[PDB]
Amino acid sequence: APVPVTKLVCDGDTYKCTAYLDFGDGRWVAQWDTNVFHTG
Amino acid sequence: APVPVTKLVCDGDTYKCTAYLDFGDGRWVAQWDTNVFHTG
Amino acid sequence: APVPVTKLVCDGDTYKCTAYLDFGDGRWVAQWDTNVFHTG
Ligand SMILES: CC(=O)N[C@@H]1[C@@H](O)[C@H](O[C@@H]2O[C@H](CO)[C@@H](O)[C@H](O)[C@H]2NC(C)=O)[C@@H](CO[C@@H]2O[C@@H](C)[C@@H](O)[C@@H](O)[C@@H]2O)O[C@H]1O
Ligand SMILES: CC(=O)N[C@@H]1[C@@H](O)[C@H](O[C@@H]2O[C@H](CO)[C@@H](O)[C@H](O)[C@H]2NC(C)=O)[C@@H](CO[C@@H]2O[C@@H](C)[C@@H](O)[C@@H](O)[C@@H]2O)O[C@H]1O
Ligand SMILES: CC(=O)N[C@@H]1[C@@H](O)[C@H](O[C@@H]2O[C@H](CO)[C@@H](O)[C@H](O)[C@H]2NC(C)=O)[C@@H](CO[C@@H]2O[C@@H](C)[C@@H](O)[C@@H](O)[C@@H]2O)O[C@H]1O
C-alpha cells in the first residue's frame, strides 16, 4: 500500500535517493538510482 | 516544465513511488520504480 | 553521503523529477526518469 515519505535525501557518492517511510517500526525505506550534478 | 510535488508516497507491494503534482486538474502524478526494504 | 532535499519538482515534458539538494553552494540536484500521467 502507498505510505507517506517522512524524509527524502539523495547522495552524490552512491547516486541514490532514499525516502524514509511511515510504516510499521519506522525503519522501512524506498531507494532508487539517480543522476546527481551541479547546475549552472 | 517542472511543477511542484504536493505529496510523495511509496509502496512496498508495487515497488513504486508516486508524486502527486500541482498542475492542471490536480490529477497528474509522476511515478517510478524503487527498491523498498527494512533497515536496522 | 546523504543530503536533504529542499524542493522536489517533476516535469511531464522531460519525464523527469528533480530534487534540489541542501549541500555545498546550493546548486546540486538529483534527477531521475519517471512516468508522468493523468489519473481518474
Ligand atoms: C573538492 C571537493 O570536495 N569536491 C566535492 C566533489 O568531490 C564531490 O563530487 C563527488 O566526488 C567523488 C570523489 O570524491 C566522486 O566519487 C563522486 O562521483 C562525485 N559526485 C558528484 C555528484 O559529482 C561533490 C559532490 O558531492 C557528492 O554529492 C553531494 C550532493 C553529497 O551527496 C556529497 O556527500 C557527495 O560527496 O562535492 C564537492 O564538494
Ligand atoms: C506479517 C506481515 O504483515 N508482514 C508484512 C510483509 O508482508 C510486508 O512485505 C511485503 O510482503 C508482500 C507479501 O505479502 C510481498 O509481496 C512484498 O514484496 C513485501 N514487501 C517488502 C518491501 O518487503 C512488509 C512491508 O510492507 C510493504 O511495504 C511497506 C513499506 C508498505 O508499503 C506496505 O503497505 C507494504 O505491504 O510489512 C510486513 O508487515
Ligand atoms: C491543451 C494542452 O495544453 N494540453 C496539455 C498537454 O499537451 C500536456 O501533455 C504533454 O504534451 C506535450 C506536447 O505538448 C507532450 O510532449 C508530453 O509528452 C505531454 N506530457 C504528458 C505527461 O502527457 C499535459 C501534461 O503537461 C505536462 O506535464 C505536466 C505535469 C507539466 O509538467 C507540464 O508542464 C507538461 O507540459 O497538459 C495538458 O494540459
Side-chain angles (χ1 to χ4, degrees):
Chain A
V3 296
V5 173
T6 61
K7 174 169 170 170
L8 182 62
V9 297
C10 302
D11 188 327
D13 292 321
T14 62
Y15 292 88
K16 298 182 182 291
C17 296
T18 308
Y20 292 84
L21 305 181
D22 179 28
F23 178 78
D25 68 355
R27 297 303 307 273
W28 296 81
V29 301
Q31 190 175 75
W32 60 94
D33 293 314
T34 187
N35 294 331
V36 180
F37 60 89
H38 182 258
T39 67
Chain B
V3 298
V5 171
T6 64
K7 174 175 177 181
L8 181 64
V9 298
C10 303
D11 187 328
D13 293 303
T14 62
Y15 291 89
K16 302 282 194 181
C17 296
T18 306
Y20 292 88
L21 305 182
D22 178 14
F23 172 79
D25 67 358
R27 295 303 305 272
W28 297 82
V29 302
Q31 188 179 77
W32 58 94
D33 291 325
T34 188
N35 297 324
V36 180
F37 56 88
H38 185 252
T39 68
Chain C
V3 297
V5 173
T6 61
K7 178 172 185 169
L8 181 63
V9 297
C10 304
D11 185 334
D13 293 331
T14 61
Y15 292 87
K16 298 180 188 292
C17 296
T18 305
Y20 298 91
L21 306 182
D22 185 1
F23 174 78
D25 69 356
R27 296 302 301 272
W28 295 82
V29 299
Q31 188 177 77
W32 61 94
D33 294 309
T34 66
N35 302 113
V36 181
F37 57 88
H38 185 258
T39 69

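Chain A is the first sequence line, chain B the second, and so forth, proteins listed ahead of strands; every chain is numbered from 1. Just so you know, ligand 1 is whichever comes first in the structure, and atom 1 is the first atom listed for that ligand.
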Can a protein heavy atom be found under 4.0 Å away from [atom]?
{"atom": "atom 17 (C) of ligand 2", "value": "yes"}
{"atom": "atom 25 (C) of ligand 1", "value": "yes"}
{"atom": "atom 32 (O) of ligand 1", "value": "yes"}
{"atom": "atom 14 (O) of ligand 1", "value": "no"}
{"atom": "atom 4 (N) of ligand 1", "value": "no"}
{"atom": "atom 11 (O) of ligand 1", "value": "no"}
{"atom": "atom 7 (O) of ligand 1", "value": "no"}

To check your reading of the model: name the closest protein heavy atom to [atom], its residue, and the distance in Å.
{"atom": "atom 21 (C) of ligand 3", "result": "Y15(C) OH, 3.2 Å"}
{"atom": "atom 30 (C) of ligand 2", "result": "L21(A) CD1, 3.8 Å"}
{"atom": "atom 35 (C) of ligand 3", "result": "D13(C) OD1, 3.5 Å"}
{"atom": "atom 28 (O) of ligand 2", "result": "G12(B) CA, 3.2 Å"}
{"atom": "atom 34 (O) of ligand 2", "result": "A1(A) N, 2.8 Å"}
{"atom": "atom 9 (O) of ligand 2", "result": "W28(A) CH2, 4.8 Å"}
{"atom": "atom 39 (O) of ligand 2", "result": "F23(A) CZ, 3.8 Å"}

Find out whether [X] and [Y] are in side-chain contact, i.e. whether some heavy atom of one side chain is under 4.5 Å from a heavy atom of the other.
{"X": "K7(A)", "Y": "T18(A)", "value": "no"}
{"X": "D22(C)", "Y": "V3(C)", "value": "no"}
{"X": "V36(C)", "Y": "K16(C)", "value": "no"}
{"X": "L21(A)", "Y": "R27(A)", "value": "no"}
{"X": "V5(A)", "Y": "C10(B)", "value": "yes"}

TODO: Check for a donor-acceptor pair, side chain of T34(C) on one end and backbone N or O of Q31(B) on the other, with a separation under 3.5 Å.
DONE: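 No, the answer is negative, given that no donor and acceptor are paired below the 3.5 Å cut-off.
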Open item on the list: Using a 4.0 Å cutoff against the non-hydrogen atoms of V36(C), which atoms of ligand 3 qualify?
Closed with: 22 (C)
Open item on the list: Within ligand 2, which atoms have a heavy atom of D11(B) less than 4.0 Å away?
Closed with: 32 (O)
Open item on the list: Once rounded to the nearest 0.5 Å, what's the spacing between atom CH2 of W32(C) and atom OH of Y15(A)?
Closed with: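 OH of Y15(A) is found 15.0 Å from CH2 of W32(C).
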